[PDB]
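Undergrad: Taken in sequence, the protein lines are chains A and B. Each number in full-length UniProt numbering comes from the position in the first sequence (counting from 1) with 28 added on. Each number in full-length UniProt numbering comes from the position in the second sequence (counting from 1) with 1 added on.
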Amino acid sequence: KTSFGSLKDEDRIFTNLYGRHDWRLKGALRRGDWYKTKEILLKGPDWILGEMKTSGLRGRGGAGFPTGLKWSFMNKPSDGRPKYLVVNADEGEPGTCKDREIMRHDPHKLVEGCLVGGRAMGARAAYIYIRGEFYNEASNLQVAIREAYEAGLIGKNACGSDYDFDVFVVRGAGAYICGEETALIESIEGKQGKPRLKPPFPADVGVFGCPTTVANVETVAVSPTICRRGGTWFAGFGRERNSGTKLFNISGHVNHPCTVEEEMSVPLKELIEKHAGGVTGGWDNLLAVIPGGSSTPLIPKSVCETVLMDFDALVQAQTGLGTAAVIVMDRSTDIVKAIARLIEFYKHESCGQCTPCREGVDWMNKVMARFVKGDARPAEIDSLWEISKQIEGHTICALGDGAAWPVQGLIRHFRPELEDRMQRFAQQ
Amino acid sequence: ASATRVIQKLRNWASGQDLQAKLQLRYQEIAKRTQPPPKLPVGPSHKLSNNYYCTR
Ligand SMILES: Cc1cc2nc3c(=O)[nH]c(=O)nc-3n(C[C@H](O)[C@H](O)[C@H](O)COP(=O)(O)O)c2cc1C
Ligand code: SF4
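1. Is the closest heavy atom of ligand 1 to the C-beta of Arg-59(A) under 6 angstroms?
2. Under 6 angstroms: does the beta carbon of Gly-160(A) sit that close to some heavy atom of ligand 1?
3. Counting only beta-carbon atoms, is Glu-387(A) nearer than 7 angstroms to chain C?
4. Three-state secondary structure (DSSP) at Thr-334(A)?
5. Select from the region 428 to 456 of chain A all residues with a C-beta closer than 9 angstroms to any C-beta belonging to chain B, and list them in chain order.
6. Going by the beta-carbon positions, is the gap between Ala-368(A) and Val-400(A) smaller than 7 angstroms?
7. Any beta carbon from chain B within less than 7 angstroms of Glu-214(A)'s own beta carbon?
8. Does the beta-carbon of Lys-10(B) have 16 or more other beta-carbons within 10 angstroms, so that it is buried, or is it exposed?
9. Could you tell me whether the Cβ atoms of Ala-211(A) and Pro-228(A) are closer together than 7 angstroms?
10. Rank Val-354(A), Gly-402(A) and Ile-278(A) by C-alpha distance to the C-alpha of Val-364(A) and give the top, closest one.
11. Within this structure, are the beta carbons of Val-294(A) and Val-356(A) separated by less than 7 angstroms?
12. Using beta-carbon positions only, say whether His-284(A) and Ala-304(A) come within less than 7 angstroms of one another.
13. I believe residue 464(A) touches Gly-120(A) by the beta-carbon criterion, under 8 angstroms. Please report the beta-carbon distance rounded to the nearest angstrom.
14. Less than 8 angstroms between the CB atoms is what I'm expecting for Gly-92(A) and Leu-77(A), so what's the real figure, rounded?
15. Mind checking which residues open and close the alpha helix (DSSP H) that includes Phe-339(A)?
16. If you check the beta carbons only, do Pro-406(A) and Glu-445(A) fall under 7 angstroms apart?
17. I'd like to know whether the C-beta atoms of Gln-436(A) and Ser-411(A) end up nearer to each other than 7 angstroms.
18. Say yes only if the C-beta of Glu-208(A) is nearer than 6 angstroms to one or more non-hydrogen atoms of ligand 1, and no if none qualify.
19. At a cut-off of 6 angstroms, would you count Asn-313(A) as near ligand 1, judging by its Cβ distance to the nearest heavy atom?
20. Thinking just about the alpha-carbon of each residue, which of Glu-140(A), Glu-408(A), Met-450(A) and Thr-30(A) is nearest to the one in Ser-251(A)?
21. Since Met-357(A) sits in a beta bridge, which residues does DSSP pair it with?
22. Ignoring anything shorter than 3 residues or poking outside the region 115 to 198 of chain A, list the beta strand (DSSP E) runs there in chain order.
23. So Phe-42(A) and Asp-134(A) are supposed to be a Cβ contact under 8 angstroms. How far apart are they, rounded?
24. Tell whether a beta-carbon distance below 7 angstroms holds between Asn-244(A) and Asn-116(A).
25. Taking a cut-off of 6 angstroms, which residues have a beta-carbon closer than that to any heavy atom of ligand 2, in chain order?
26. Would you say the beta carbon of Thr-247(A) comes nearer than 6 angstroms to a heavy atom of ligand 1?
27. Using a Cβ-Cβ cut-off of 8 angstroms (strictly less than) and excluding sequence neighbours within five positions of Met-292(A), which residues of its own chain qualify?
28. For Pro-110(A) versus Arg-152(A), is the C-beta distance shorter than 7 angstroms?
29. Quick one, are the C-beta atoms of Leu-296(A) and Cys-238(A) less than 7 angstroms apart?
30. Quick one: is the Cβ of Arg-152(A) within less than 6 angstroms of any heavy atom of ligand 1?
31. Hey, does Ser-50(B) have any beta-carbon neighbour from chain A nearer than 7 angstroms?
32. With 7 angstroms set as the bound, which would you pick, yes or no: does the beta-carbon of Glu-414(A) sit closer than that to a beta-carbon of chain B?
33. Helix, strand or coil for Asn-13(B) per DSSP?
34. Using a Cβ-Cβ cut-off of 7 angstroms, state whether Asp-410(A) counts as contacting chain B.
35. Among residues of its own chain, excluding the 5 on either side of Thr-247(A), which ones have a beta-carbon nearer than 8 angstroms to its beta-carbon?
36. Mind checking whether the beta-carbon of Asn-244(A) lies closer than 6 angstroms to any heavy atom of ligand 1?
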């Protein structure tokens, strides 16, 4: 119960995350899927949610909220409408590649986990929204679904079970905002990817005005083997409040950038050193790291040596975990340029319906460009902090938060570099 | 300014006190009429930060 980050391959819940054995059915069936799914389904729905609540499985997307509670919001019967299950694969946040690398190389985990989630909840079918740029991955997935339909695992008798299910694959069109719970839903409905206000919640009224619970790829893909192996076993790894395995995408300024499944609450330094061998120039050459993709603030190397890769730890460090897409800077790169690029991205990917992210994100983009060039003065730094705090909790969706948090992470840990660039531009 | 130094004396005696120094008229001791441009200052509430109208 102390200093545990390393593990073995019996626990690797993504046994083919590198496409080394097989992605089709014949080859996936060997890796422990579609095994006892009839027994799982007919065991009961509440048994599945009990396994979830005992596993302590938090949402492995951006906003980590405990599942079981989330999936139990539509255990109630239907008052004259069908129910649906939207699997989210608009993996648009920077640094995040894990959902791609499972979409290809292990689609059947996803399919059976989605079925299991539906029968745990109630669902006529499912809608696997996938990014528009993921054409070949989506086609691998469609082939897997076709093999499943042919083998008799889905449809009029889903592995028997006295329960009928379908699995659809909706295809996006290239917008990061369509990863949100509600923009995704409206895009499936056939409109712009503009989020809704929440309330209403998708479990009372969602896609097509019907109940839904949106879920990420791995959030469901780990469901069936959790049911198959218990919440005790999944909760045994990781701290008591945020447990389980975790895919970890690593990018930038490290010798061997990679995707890894690892034990949650592993230290960031253990993670970087074991897999994706040491950063360029070694640890001393480290400058800052972003643990999430881009909707999480910076880390200054002062709390990289004494921090666990968890929700609670990074929250204690005035930061947060999202999809856990580690990104590294190594003293050889302008950092304000990087964060200005992130804000340029968050400007391009805004929907625009709510005023703060419509305007203030463009404010911050322009101001951070001006800080890159050094054409500002330090009385604007706290002004821009105030602009961030205006944008934070004044929005419909959490893209304003994601735009405002890297800003705060830079102002909190790298203000003197802004000061230096300003005085340099002023002198010259 | 031009009082020929004896009429100056007459008026300073009849009055009771020197008035060539404290004259009713203005010759060259006045602020001239075309001036440099200023730069007027700027009061508080121009703080650019930590300045919300609900507080002041
Ligand atoms: C702008 C924005 C973009 C998001 N994009 C994604 C995404 O691409 N993939 C994802 O899984 N979640 C994304 N989220 C978080 C979703 O709300 C979350 O994935 C979904 O609620 C499922 O949560 P879960 O991890 O409990 O399954 C995004 C949120 C915001 C505000
Ligand atoms: S924060 Fe941005 S993306 Fe989200 S609803 Fe408002 S304008 Fe749209």
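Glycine included, C-beta positions come from ideal geometry on N, C-alpha and C.
TA: With the structure as the only source:
1. By one-based count along the first sequence, residue 59(A) stands at place 31. Because no heavy atom of ligand 1 lies under 6 angstroms away, the Cβ of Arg-59(A) does not count as near it: no.
2. Taking the first sequence and counting its residues from 1, the one referred to as residue 160(A) is at position 132. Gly-160(A): no, Cβ never under 6 angstroms from ligand 1.
3. The displayed structure is made up of protein chains A and B, and chain C is not among them.
4. Counted from its first residue, the first sequence places residue 334(A) at position 306. The answer is coil: DSSP assigns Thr-334(A) none of H, G, I, E or B.
5. none
6. To locate residue 368(A), count along the first sequence from 1; it is residue 340. To locate residue 400(A), count along the first sequence from 1; it is residue 372. Yes, the pair counts as a contact, with Cβ atoms nearer than the cut-off.
7. Here residue 214(A) corresponds to residue number 186 of the first sequence, with the count starting at 1. Not closer than 7 angstroms to any Cβ of chain B, the Cβ of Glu-214(A) fails to qualify, so no.
8. Indexing the second sequence from 1 puts residue 10(B) at position 9. With fewer than 16 Cβ atoms within 10 Å of its Cβ, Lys-10(B) is classed as exposed.
9. Sequence index remark: in the first sequence, residue 211(A) carries index 183 (1-based). Sequence index remark: in the first sequence, residue 228(A) carries index 200 (1-based). No, the pair does not count as a contact, with Cβ atoms beyond the cut-off.
10. Here the question's residue 364(A) lines up with position 336 in the first sequence. Ranking the options by Cα distance to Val-364(A), first place goes to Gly-402(A).
11. What you label residue 294(A) is simply residue 266 of the first sequence in a count that begins at 1. What you label residue 356(A) is simply residue 328 of the first sequence in a count that begins at 1. No.
12. The sequence position of residue 284(A) within the first sequence is 256, counting from 1. The sequence position of residue 304(A) within the first sequence is 276, counting from 1. Result yes, Cβ atoms of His-284(A) and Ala-304(A) sit closer than 7 angstroms.
13. Since the first residue of chain A shown is 29 and the last is 456, residue 464(A) is not available in this structure.
14. As a first step, residue 92(A) must be located in the first sequence, where it is residue number 64. As a first step, residue 77(A) must be located in the first sequence, where it is residue number 49. No, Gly-92(A) and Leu-77(A) are not in contact; Cβ-Cβ is about 18 angstroms, not under 8 angstroms.
15. For this step, residue 339(A) is matched to residue 311 along the first sequence. Here the alpha helix (DSSP H) through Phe-339(A) covers 339 to 344.
16. To locate residue 406(A), count along the first sequence from 1; it is residue 378. To locate residue 445(A), count along the first sequence from 1; it is residue 417. Contact: no.
17. As a first step, residue 436(A) must be located in the first sequence, where it is residue number 408. As a first step, residue 411(A) must be located in the first sequence, where it is residue number 383. Not a contact, by the Cβ cut-off of 7 angstroms.
18. Along the first sequence, one-based indexing puts residue 208(A) at 180. Indeed, a heavy atom of ligand 1 lies less than 6 angstroms from the Cβ.
19. Along the first sequence, one-based indexing puts residue 313(A) at 285. No.
20. Numbered from its first residue, the first sequence carries residue 251(A) at position 223. The candidate whose alpha carbon is nearest that of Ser-251(A) is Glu-140(A).
21. Against the first sequence, residue 357(A) aligns to sequence position 329. Its beta-bridge partners are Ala-316(A).
22. 153 to 158 and 194 to 196
23. Sequence index remark: in the first sequence, residue 42(A) carries index 14 (1-based). Sequence index remark: in the first sequence, residue 134(A) carries index 106 (1-based). Indeed they touch by this definition, with Cβ atoms about 6 angstroms apart.
24. If you number the first sequence from 1, residue 244(A) lands on position 216. If you number the first sequence from 1, residue 116(A) lands on position 88. Cβ distance < 7 angstroms, so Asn-244(A) and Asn-116(A) count as in contact.
25. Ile-205(A), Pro-223(A), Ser-378(A), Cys-379(A), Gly-380(A), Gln-381(A), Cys-382(A), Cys-385(A), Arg-386(A), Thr-423(A), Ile-424(A), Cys-425(A), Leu-427(A) and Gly-428(A)
26. For this step, residue 247(A) is matched to residue 219 along the first sequence. Yes, Cβ of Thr-247(A) sits closer than 6 angstroms to a heavy atom of ligand 1.
27. Within the first sequence, numbered from 1, the residue matching residue 292(A) stands at position 264. Same-chain partners within the cutoff: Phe-265, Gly-266, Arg-267, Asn-270, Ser-271, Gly-272, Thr-273, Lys-274, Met-337 and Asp-338.
28. Your numbering for residue 110(A) matches position 82 in the first sequence. Your numbering for residue 152(A) matches position 124 in the first sequence. Their beta carbons are under 7 angstroms apart, which means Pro-110(A) touches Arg-152(A) by this criterion.
29. Here the question's residue 296(A) lines up with position 268 in the first sequence. Here the question's residue 238(A) lines up with position 210 in the first sequence. Their beta carbons are not under 7 angstroms apart, which means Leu-296(A) does not touch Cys-238(A) by this criterion.
30. Here residue 152(A) refers to the residue found at position 124 of the first sequence. No, since every heavy atom of ligand 1 falls outside the 6 angstroms radius drawn around the Cβ of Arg-152(A).
31. Residue 50(B) sits at position 49 when you count from the first residue of the second sequence. Cβ-Cβ to chain A under 7 angstroms: yes for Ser-50(B).
32. Here residue 414(A) refers to the residue found at position 386 when the first sequence is read from its first residue. Output row for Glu-414(A): interface = yes.
33. Position 12 of the second sequence holds residue 13(B). Of the three classes helix, strand and coil, the one that applies to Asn-13(B) here is helix, per DSSP.
34. Numbered from 1 along the first sequence, position 382 holds the residue referred to as residue 410(A). So yes, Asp-410(A) belongs to the interface.
35. By one-based count along the first sequence, residue 247(A) stands at place 219. The answer, listed in chain order, is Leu-85, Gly-87, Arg-88, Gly-89 and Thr-95.
36. As a first step, residue 244(A) is located in the first sequence; it is residue number 216 there, counting from the start. Flag set: Cβ of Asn-244(A) near ligand 1.
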